[PDB]
Amino acid sequence: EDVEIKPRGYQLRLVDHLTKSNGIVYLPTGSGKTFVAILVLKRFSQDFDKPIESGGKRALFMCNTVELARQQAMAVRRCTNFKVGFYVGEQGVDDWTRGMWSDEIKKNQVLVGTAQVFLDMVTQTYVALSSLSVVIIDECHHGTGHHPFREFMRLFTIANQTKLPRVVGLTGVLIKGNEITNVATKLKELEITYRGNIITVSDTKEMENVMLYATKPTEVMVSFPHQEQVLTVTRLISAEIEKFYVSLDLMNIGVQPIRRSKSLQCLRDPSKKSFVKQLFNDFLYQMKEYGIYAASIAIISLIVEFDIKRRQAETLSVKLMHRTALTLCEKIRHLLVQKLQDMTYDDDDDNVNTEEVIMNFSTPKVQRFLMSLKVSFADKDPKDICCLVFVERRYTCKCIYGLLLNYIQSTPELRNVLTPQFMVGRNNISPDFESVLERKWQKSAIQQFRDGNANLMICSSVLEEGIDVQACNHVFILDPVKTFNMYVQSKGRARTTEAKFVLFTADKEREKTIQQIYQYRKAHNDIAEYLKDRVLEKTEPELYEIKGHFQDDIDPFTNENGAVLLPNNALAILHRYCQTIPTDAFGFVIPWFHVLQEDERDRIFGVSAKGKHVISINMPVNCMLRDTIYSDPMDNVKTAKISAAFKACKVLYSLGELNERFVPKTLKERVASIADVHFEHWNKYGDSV
Amino acid sequence: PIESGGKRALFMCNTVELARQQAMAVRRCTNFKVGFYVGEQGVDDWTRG
Amino acid sequence: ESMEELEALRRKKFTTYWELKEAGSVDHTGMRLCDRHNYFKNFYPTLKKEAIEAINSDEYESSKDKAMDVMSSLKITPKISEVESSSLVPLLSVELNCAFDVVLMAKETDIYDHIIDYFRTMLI
Amino acid sequence: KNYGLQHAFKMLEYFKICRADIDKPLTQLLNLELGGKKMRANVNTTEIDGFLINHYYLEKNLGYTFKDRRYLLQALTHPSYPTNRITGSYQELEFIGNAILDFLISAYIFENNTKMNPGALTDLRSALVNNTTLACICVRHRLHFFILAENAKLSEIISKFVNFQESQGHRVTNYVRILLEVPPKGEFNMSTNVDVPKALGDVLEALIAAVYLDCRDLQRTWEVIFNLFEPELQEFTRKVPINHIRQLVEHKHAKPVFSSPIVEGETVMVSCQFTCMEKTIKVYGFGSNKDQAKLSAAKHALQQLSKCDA
Amino acid sequence: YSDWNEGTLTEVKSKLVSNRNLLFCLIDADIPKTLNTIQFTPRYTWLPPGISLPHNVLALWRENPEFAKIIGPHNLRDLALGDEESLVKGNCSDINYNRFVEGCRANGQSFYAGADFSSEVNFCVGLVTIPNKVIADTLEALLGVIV
Amino acid sequence: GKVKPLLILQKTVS
RNA sequence: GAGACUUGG
RNA sequence: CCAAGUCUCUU
């Protein structure tokens with residue numbers, strides 16, 4: 001009984017286990033998972049006050065996504081007496097001088113910020129691992145492959161081993177992808193990437209205590225009668241879209257930067273034309289999947305998007321192309337509304353006729369979804385309904401949101417109960433349909449959800465992870481479930497008592513989705529038992545295995561200053577430096593890569609490059625490296641590219657273009673390098689250039 | 001490297017699991033990087049490269 | 001008057017200047033952008049029927065002549081512009097220079113008939 | 001001025017302006033070394049012809065016959081062009097050219113024009129080195145066609161600029177697009193600023209630098225420059241175009257008033273309230289930024305006043 | 001190779017009758033240069049016998065390949081030869097030649113890599129592109145008629 | 001026709 | 001505005 | 001070659 005919620009018994013056990021050893025906590029998501037992070041921060045709060053110069057130390061909170069970092073920092077500030085810092089690219093943190101970093105760590109005892117910001121910060125030697133008492137990583141399951149979590153983790157294998165901090169991982173799911181088979185190996189690679197062993201509650205009393213804040217939502221599968229017959233307007237629309245594609249193939253827009261595959265194997269349709277093709281293909285898929293009314297909403301989405309692009313056009317040719325795309329979109333919308341009105345002869349009551357057309361002019365999936373909603377929240381208090389909907393594609397959220405708006409303001413029983421709302425990830429789409437330049441609305445959708453302004457939320461894999469939301473009564477997974485972790489986190493989002501969980505699946509895929517859901521059941525139970533029964537006195541991986549877990553990649557390089565150039569960051573640093581050479585708003589040009597072919601590979605690399613991939617980087621004309629640096633023969637294109645970038649950045653550092661810290665030389669420092677040598681007479685007047 | 005006059009070690013054991021134990025002990029007791037080769041990893045099919 | 005003058009008559013002026021040279025015209029049409037496609041549905045009726053007669057007519061010598069006669073019946077002067085394209089057959093672009101901005105292109109062999117079938121799909 | 005180049009260069013050795021060097025006594029500052037990797041002097045002319053067809057046309061249009069054509073290609077190589085992997089961009093060459101041309105033109109006007117005051121003389125130096133006049137000269141001789149560049153925006157600006165210049169008959173003028181009162185009549189008198197790309201002047205200047213590096217004869221280079229710029233030399237010796245805004249404020253009867261720039265999207269304009277023959281004409285300038293919009297308005301006003309006074 | 005086993009015989013037979021081998025064995029025989037594999041559309045893609053491209057631009061086009069890459073049909077459309085040219089001059093007038101070549105250079109202000117401007121116009125220079133399967137199939141067709 | 005030999009140029013060459 | 005990462009197709 | 005989400009840097 002206290003305003004500062006006391007540590008719960010299992011929280012106490014987790015804290016006093018972690019304080020002695022670094023490890024990973026594995027619990028269903030909630031305020032307890034964050035609170036244990038708070039308490040482990042508290043328990044290591046001895047050396048914050050004294051300055052780093054006096055051997056002081058700080059704390060490092062690792063979040064994945066910027067908004068998650070914001071929310072976690074807010075929670076820490078409201079739950080702790082310390083003062084914390086938030087660090088992303090928005091705060092203009094890149095230019096922060098060492099004095100700013102110093103007095104910052106002086107004011108902020110706890111440093112919170114996204115992965116890559118802190119990764120660059122440590123690699124730039126701004127702060128040292130010895131300067132950090134503890135490191136807390138949330139959603140640590142994301143730490144695999146070349147994820148920045150894993151890079152930061154690898155950094156520990158370079159500095160001295162006696163000043164290494166405490167590493168704590170928070171997560172409600174341990175696996176990332178679909179590799180649910182052979183769980184033990186994956187769990188071991190995760191525990192060995194970090195420097196600890198997973199921990200959880202085992203005692204039945206602990207089980208019951210956990211259940212009070214964590215609930216297992218009741219779930220039922222729901223399936224719709226899959227129909228395939230399609231209406232004539234669909235084939236027509238396909239025909240005009242095809243004609244537009246063939247015309248656009250030869251639009252011959254002004255020269256744009258060469259676009260080629262991620263593997264540098266094939267060329268590409270430029271971003272300008274490619275974007276149009278992607279938008280129309282998505283619209284076609286939306287129409288195919290959800291029917292005609294959904295298509296009517298999606299076509300207005302396209303209209304808004306393309307009008308925005310036109311207003312953002314700069315080329316007469318691109319202006320023309322985008323206007324033409326707008327015109328075709330408008331034609332399609334007119335035809336769709338004609339088809340809608342071609343059936344309104346059935347009845348003139350447009351209110352209920354909207355419902356009826358959405359039953360007729362949309363696919364069975366949609367019909368099932370809508371009537372399930374109708375029977376789910378017939379006459380309930382809007383404050384008492386808080387449910388989520390999960391859909392795959394970005395534009396699906398907008399389309400279904402508009403469809404639900406029309407449905408709500410079409411049915412008497414739901415007109416005054418539901419308040420549909422939506423939200424998607426980065427590259428935010430316009431939430432408005434009338435293309436007006438500016439709107440009064442400012443409240444964000446998530447804030448509406450938290451405050452209760454919005455009760456019905458249509459999200460696509462964004463609100464699933466990390467984002468703190470009140471327990472939701474219902475969670476409708478409209479799209480098929482695809483990933484174990486995604487399934488688990490979606491299930492955990494439905495946290496409240498008696499919360500209902502719903503899956504919408506096509507009849508033909510019914511048994512396959514059954515297969516998947518029960519493979520996931522088995523994986524979850526396996527994780528639970530494997531944690532419960534396993535016992536180990538060491539409770540940390542050994543040095544040999546930790547060292548063996550990482551060397552597979554190319555070894556990092558360091559200078560006498562200790563600055564580390566991670567090979568995974570080589571491309572990022574290359575593009576960073578090359579972004580500064582141009583001196584024109586339009587002369588900006590990025591590096592051009594090239595892959596050597598067998599015969600060229602021969603006459604240069606002899607017989608040493610057979611059965612391996614090699615990539616040559618040929619930087620633009622401006623800068624001085626034009627020797628066509630060559631990557632060492634690597635197994636695959638990805639590693640070959642990483643090697644190419646590593647070698648190129650090493651050469652640049654050897655040529656002094658990197659200011660002994662592996663960042664491009666700014667004009668100020670670039671000139672200071674020459675100051676002493678061409679400005680001797682300055683220093684005698686208490687004056688330096 | 002061998003072509004440069006280099007040389008390698010050979011910790012040959014009797015049984016596969018005993019070879020596992022010895023390789024693991026070697027790994028924890030030595031800074032060298034060791035490769036484990038038995039028929040289960042498909043040692044037969046590896047190519048010259 | 002403060003908002004009627006200061007923000008306002010300038011809102012019109014700024015958008016006007018955009019349509020003059022900068023923008024590809026703007027939606028100053030009153031209806032909702034959602035309902036903007038209905039612009040030609042609500043187009044001036046009796047002339048609508050006259051254009052229906054013209055389009056359904058079969059006395060027109062060429063699709064070029066058909067397009068011009070129909071489109072003047074619509075009381076609109078389009079501009080035929082050649083868009084630089086890789087096609088051997090030149091690619092032409094057209095404008096409807098009306099508040100309901102509209103632009104089409106195709107190969108010269110197709111452009112006129114494409115106008116015809118467009119307006120068939122739209123004017124209905 | 002008094003002691004000429006090969007002597008007063010050592011003045012810097014005296015003043016340590018550029019640090020004295022026994023290897024390079026300042027007297028020898030005409031020994032430019034374009035070292036580094038940016039240049040190669042070994043490629044056969046066949047590759048440049050593959051990049052520069054119709055060489056003879058360009059040679060006769062420029063009025064000088066080149067000997068080592070590689071200098072051309074490296075000079076015409078716009079940085080955005082990727083497929084030239086033998087030479088660098090023109091930036092390092094326009095860097096030296098700009099100075100070379102400023103010096104040569106200044107020397108000519110100094111030697112020949114002793115009747116014109118130093119203040120307007122520096123104003124004229126600024127105007128002649130101004131990228132606007134240099135771009136006009138370049139287009140007048142149709143050199144822009146061969147520039148080897150690979151970006152849409154610069155090409156498009158070049159296209160519209162050459163169109164407008166041709167509409168002006170290759171005459172330097174207030175670079176204004178009179179959108180409305182041949183301009184049509186409308187409610188008010190507004191216009192936009194014809195934007196001058198700088199890559200054009202850059203490439204012309206780098207070409208002259210290539211001429212210098214090839215011939216190593218500066219009299220012949222001055223011959224070329226005089227042939228190219230003679231009309232402007234004859235003209236500006238009769239009228240001195242100072243900065244347009246300063247031209248207005250000094251002009252007795254301009255008295256322009258510039259309103260606050262109101263922002264919509266990326267566009268901003270300024271209402272220029274001025275008077276002409278005791279009647280107030282409301283003209284407006286437009287631009288991406290505030291200063292550009294003000295300059296547009298001022299140029300439009302000078303345009304209007306030029307038609308009114310002539 | 002009667003001694004060989006069945007599997008290797010099958011593998012070798014597959015290689016022999018595989019498309020690539022047939023393509024190469026017919027290419028070296030110089031038949032593909034005479035294939036009828038493009039729909040006859042005389043108005044657009046065809047070269048009448050007594051009519052040809054200007055010799056000056058023709059020689060430039062064949063001699064200079066790099067220049068050839070980016071040549072676009074509009075450049076040809078820009079070469080609106082006067083009657084004297086097309087009838088008696090053979091090569092185009094120097095002014096037309098110029099303007100066309102600068103137009104071709106300006107084409108570079110469009111896509112060097114992605115857009116193959118030559119495809120729509122290759123028939124003018126006599127180049128054609130054919131899928132491999134067609135080449136192989138012609139080889140079998142010849143064999144079949146001989147049989 | 002004939003350029004005036006620029007006095008600076010004629011001086012640095014003679 | 002540009003790039004990258006993860007996962008999947 | 002396509003979908004989702006995330007991050008960095010920058011207008």
# chains A, B, ... in the order shown; residues from 1 in each chain; ligands from 1
>>> select_by_dssp(residues="range 100-265 of chain D", states="strand (DSSP E or B)", output="ChimeraX atom specification")
/D:148,176-180,189-193,257-258,262-264
>>> write_last_selection(atoms="N, CA and C atoms", output="compact mmCIF listing (two decimals), in the first residue's frame")
# COMPACT_ATOMS: atom_id res chain seq x y z
N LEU D 148 27.96 17.48 -70.29
CA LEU D 148 27.71 16.07 -70.04
C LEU D 148 27.22 15.91 -68.61
N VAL D 176 12.76 38.28 -65.34
CA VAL D 176 11.41 38.25 -64.80
C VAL D 176 10.50 37.57 -65.80
N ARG D 177 9.59 36.74 -65.29
CA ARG D 177 8.53 36.16 -66.11
C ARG D 177 7.27 36.98 -65.87
N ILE D 178 6.99 37.92 -66.77
CA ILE D 178 5.81 38.76 -66.65
C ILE D 178 4.61 37.86 -66.98
N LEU D 179 3.96 37.35 -65.94
CA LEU D 179 2.88 36.39 -66.15
C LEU D 179 1.60 37.07 -66.58
N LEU D 180 1.47 38.37 -66.34
CA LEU D 180 0.22 39.07 -66.62
C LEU D 180 0.50 40.56 -66.70
N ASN D 189 -0.79 43.32 -61.59
CA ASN D 189 0.47 43.25 -62.31
C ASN D 189 1.46 42.47 -61.45
N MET D 190 1.62 41.20 -61.78
CA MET D 190 2.48 40.29 -61.04
C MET D 190 3.39 39.51 -61.98
N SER D 191 4.49 39.00 -61.43
CA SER D 191 5.48 38.29 -62.23
C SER D 191 6.36 37.46 -61.31
N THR D 192 7.15 36.58 -61.93
CA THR D 192 8.10 35.74 -61.22
C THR D 192 9.50 35.93 -61.81
N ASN D 193 10.50 35.48 -61.05
CA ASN D 193 11.90 35.67 -61.40
C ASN D 193 12.40 34.49 -62.22
N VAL D 257 7.62 50.09 -51.82
CA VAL D 257 7.26 49.66 -50.47
C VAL D 257 6.98 48.16 -50.53
N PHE D 258 7.66 47.40 -49.67
CA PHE D 258 7.56 45.95 -49.66
C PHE D 258 6.78 45.50 -48.43
N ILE D 262 3.76 36.73 -46.88
CA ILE D 262 2.78 35.79 -46.36
C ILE D 262 3.07 34.41 -46.95
N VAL D 263 3.01 33.38 -46.11
CA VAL D 263 3.49 32.06 -46.46
C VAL D 263 2.30 31.15 -46.74
N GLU D 264 2.36 30.43 -47.86
CA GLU D 264 1.43 29.35 -48.17
C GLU D 264 2.24 28.23 -48.80
>>> interface_residues(of="chain F", to="chain D", cutoff="7 Å", atoms="only C-alpha atoms", output="PDB file with N, CA, C and O atoms, in the first residue's frame")
ATOM      1  N   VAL F   3      43.253  42.212 -82.058  1.00  0.00           N
ATOM      2  CA  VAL F   3      43.124  42.579 -80.657  1.00  0.00           C
ATOM      3  C   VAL F   3      44.268  43.504 -80.274  1.00  0.00           C
ATOM      4  O   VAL F   3      45.417  43.308 -80.692  1.00  0.00           O
ATOM      5  N   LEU F   6      47.169  43.125 -75.001  1.00  0.00           N
ATOM      6  CA  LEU F   6      46.851  43.613 -73.669  1.00  0.00           C
ATOM      7  C   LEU F   6      48.130  44.021 -72.949  1.00  0.00           C
ATOM      8  O   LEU F   6      49.083  43.240 -72.869  1.00  0.00           O
ATOM      9  N   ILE F   8      49.098  44.414 -69.911  1.00  0.00           N
ATOM     10  CA  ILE F   8      49.569  43.458 -68.914  1.00  0.00           C
ATOM     11  C   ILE F   8      50.170  42.239 -69.600  1.00  0.00           C
ATOM     12  O   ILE F   8      51.227  41.737 -69.201  1.00  0.00           O
ATOM     13  N   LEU F   9      49.504  41.741 -70.640  1.00  0.00           N
ATOM     14  CA  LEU F   9      49.977  40.527 -71.295  1.00  0.00           C
ATOM     15  C   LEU F   9      51.247  40.807 -72.087  1.00  0.00           C
ATOM     16  O   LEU F   9      52.239  40.075 -71.967  1.00  0.00           O
ATOM     17  N   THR F  12      54.050  41.077 -69.432  1.00  0.00           N
ATOM     18  CA  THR F  12      54.536  39.839 -68.836  1.00  0.00           C
ATOM     19  C   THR F  12      55.190  38.930 -69.865  1.00  0.00           C
ATOM     20  O   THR F  12      55.991  38.069 -69.487  1.00  0.00           O
TER      21      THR F  12
END
>>> residues_around(residues="residue 88 in chain E", least_positions_apart="4", cutoff="12 Å", atoms="only C-alpha atoms (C1' of nucleotides)", output="list in words")
residues 51, 54, 55, 81, 82, 83, 84, 92 and 93 of chain E
>>> select_by_dssp(residues="chain F", states="helix (DSSP H, G or I)", output="MDAnalysis selection string")
chainID F and resid 7:13
>>> write_last_selection(atoms="N, CA, C and O atoms", output="compact mmCIF listing (two decimals), in the first residue's frame")
# COMPACT_ATOMS: atom_id res chain seq x y z
N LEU F 7 48.15 45.25 -72.43
CA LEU F 7 49.39 45.80 -71.90
C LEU F 7 49.96 44.93 -70.79
O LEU F 7 51.17 44.71 -70.73
N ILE F 8 49.10 44.41 -69.91
CA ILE F 8 49.57 43.46 -68.91
C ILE F 8 50.17 42.24 -69.60
O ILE F 8 51.23 41.74 -69.20
N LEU F 9 49.50 41.74 -70.64
CA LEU F 9 49.98 40.53 -71.29
C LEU F 9 51.25 40.81 -72.09
O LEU F 9 52.24 40.07 -71.97
N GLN F 10 51.25 41.88 -72.88
CA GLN F 10 52.44 42.24 -73.63
C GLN F 10 53.60 42.55 -72.70
O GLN F 10 54.76 42.46 -73.09
N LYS F 11 53.29 42.92 -71.45
CA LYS F 11 54.34 43.26 -70.50
C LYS F 11 54.91 42.00 -69.86
O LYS F 11 56.14 41.85 -69.77
N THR F 12 54.05 41.08 -69.43
CA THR F 12 54.54 39.84 -68.84
C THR F 12 55.19 38.93 -69.86
O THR F 12 55.99 38.07 -69.49
N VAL F 13 54.87 39.09 -71.15
CA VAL F 13 55.58 38.36 -72.19
C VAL F 13 56.77 39.14 -72.73
O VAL F 13 57.70 38.54 -73.27
>>> interface_residues(of="chain C", to="chain A", cutoff="6 Å", atoms="only C-alpha atoms", output="PyMOL selection string")
chain C and resi 33+37+85-86+102-104
>>> closest_atom_pairs(of="chain A", to="chain B", cutoff="10 Å", atoms="only C-alpha atoms", output="JSON lines")
{"residue": "A:542", "atom": "CA", "partner": "B:28", "partner_atom": "CA", "distance": 8.1}
{"residue": "A:543", "atom": "CA", "partner": "B:28", "partner_atom": "CA", "distance": 7.6}
{"residue": "A:544", "atom": "CA", "partner": "B:28", "partner_atom": "CA", "distance": 5.2}
{"residue": "A:545", "atom": "CA", "partner": "B:28", "partner_atom": "CA", "distance": 7.9}
{"residue": "A:547", "atom": "CA", "partner": "B:31", "partner_atom": "CA", "distance": 9.7}
{"residue": "A:548", "atom": "CA", "partner": "B:33", "partner_atom": "CA", "distance": 8.1}
{"residue": "A:551", "atom": "CA", "partner": "B:33", "partner_atom": "CA", "distance": 9.9}
{"residue": "A:610", "atom": "CA", "partner": "B:49", "partner_atom": "CA", "distance": 9.1}
{"residue": "A:611", "atom": "CA", "partner": "B:49", "partner_atom": "CA", "distance": 7.8}
{"residue": "A:612", "atom": "CA", "partner": "B:49", "partner_atom": "CA", "distance": 9.6}
>>> interface_residues(of="chain G", to="chain A", cutoff="8 Å", atoms="only C-alpha atoms (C1' of nucleotides)", output="PDB file with C-alpha atoms (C1' of nucleotides), in the first residue's frame")
ATOM      1  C1'   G G   3      19.847   5.724 -46.379  1.00  0.00           C
ATOM      2  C1'   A G   4      19.616   1.626 -43.473  1.00  0.00           C
ATOM      3  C1'   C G   5      17.664  -2.565 -40.455  1.00  0.00           C
ATOM      4  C1'   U G   6      14.528  -6.517 -39.196  1.00  0.00           C
ATOM      5  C1'   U G   7      10.877  -9.967 -40.872  1.00  0.00           C
TER       6        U G   7
END
>>> residues_around(residues="residue 289 in chain D", least_positions_apart="4", cutoff="8 Å", atoms="only C-alpha atoms (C1' of nucleotides)", output="VMD selection string")
chain D and resid 267 to 268 293
>>> closest_atom_pairs(of="chain E", to="chain D", cutoff="10 Å", atoms="only C-alpha atoms", output="JSON lines")
{"residue": "E:60", "atom": "CA", "partner": "D:53", "partner_atom": "CA", "distance": 9.1}
{"residue": "E:64", "atom": "CA", "partner": "D:50", "partner_atom": "CA", "distance": 6.7}
{"residue": "E:65", "atom": "CA", "partner": "D:50", "partner_atom": "CA", "distance": 8.0}
{"residue": "E:66", "atom": "CA", "partner": "D:50", "partner_atom": "CA", "distance": 6.1}
{"residue": "E:67", "atom": "CA", "partner": "D:50", "partner_atom": "CA", "distance": 6.4}
{"residue": "E:68", "atom": "CA", "partner": "D:50", "partner_atom": "CA", "distance": 9.8}
{"residue": "E:97", "atom": "CA", "partner": "D:54", "partner_atom": "CA", "distance": 9.6}
{"residue": "E:98", "atom": "CA", "partner": "D:54", "partner_atom": "CA", "distance": 7.9}
{"residue": "E:99", "atom": "CA", "partner": "D:145", "partner_atom": "CA", "distance": 9.9}
{"residue": "E:101", "atom": "CA", "partner": "D:53", "partner_atom": "CA", "distance": 8.0}
{"residue": "E:102", "atom": "CA", "partner": "D:145", "partner_atom": "CA", "distance": 6.2}
{"residue": "E:103", "atom": "CA", "partner": "D:145", "partner_atom": "CA", "distance": 8.5}
{"residue": "E:105", "atom": "CA", "partner": "D:146", "partner_atom": "CA", "distance": 7.0}
{"residue": "E:106", "atom": "CA", "partner": "D:145", "partner_atom": "CA", "distance": 7.1}
{"residue": "E:108", "atom": "CA", "partner": "D:150", "partner_atom": "CA", "distance": 6.9}
{"residue": "E:109", "atom": "CA", "partner": "D:150", "partner_atom": "CA", "distance": 5.9}
{"residue": "E:110", "atom": "CA", "partner": "D:152", "partner_atom": "CA", "distance": 7.4}
{"residue": "E:111", "atom": "CA", "partner": "D:150", "partner_atom": "CA", "distance": 8.5}
{"residue": "E:112", "atom": "CA", "partner": "D:150", "partner_atom": "CA", "distance": 8.6}
>>> residues_around(residues="residue 124 in chain A", least_positions_apart="3", cutoff="10 Å", atoms="only C-alpha atoms (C1' of nucleotides)", output="PyMOL selection string")
chain A and resi 118-121+127-128+561-565+660-663
>>> residues_around(residues="residue 200 in chain A", least_positions_apart="5", cutoff="9 Å", atoms="only C-alpha atoms (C1' of nucleotides)", output="PyMOL selection string")
chain A and resi 10+14+24-27+528+531-532
>>> residues_around(residues="residue 110 in chain A", least_positions_apart="4", cutoff="8 Å", atoms="only C-alpha atoms (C1' of nucleotides)", output="list in words")
residues 58, 59, 60, 61, 82, 83, 84, 85 and 105 of chain A
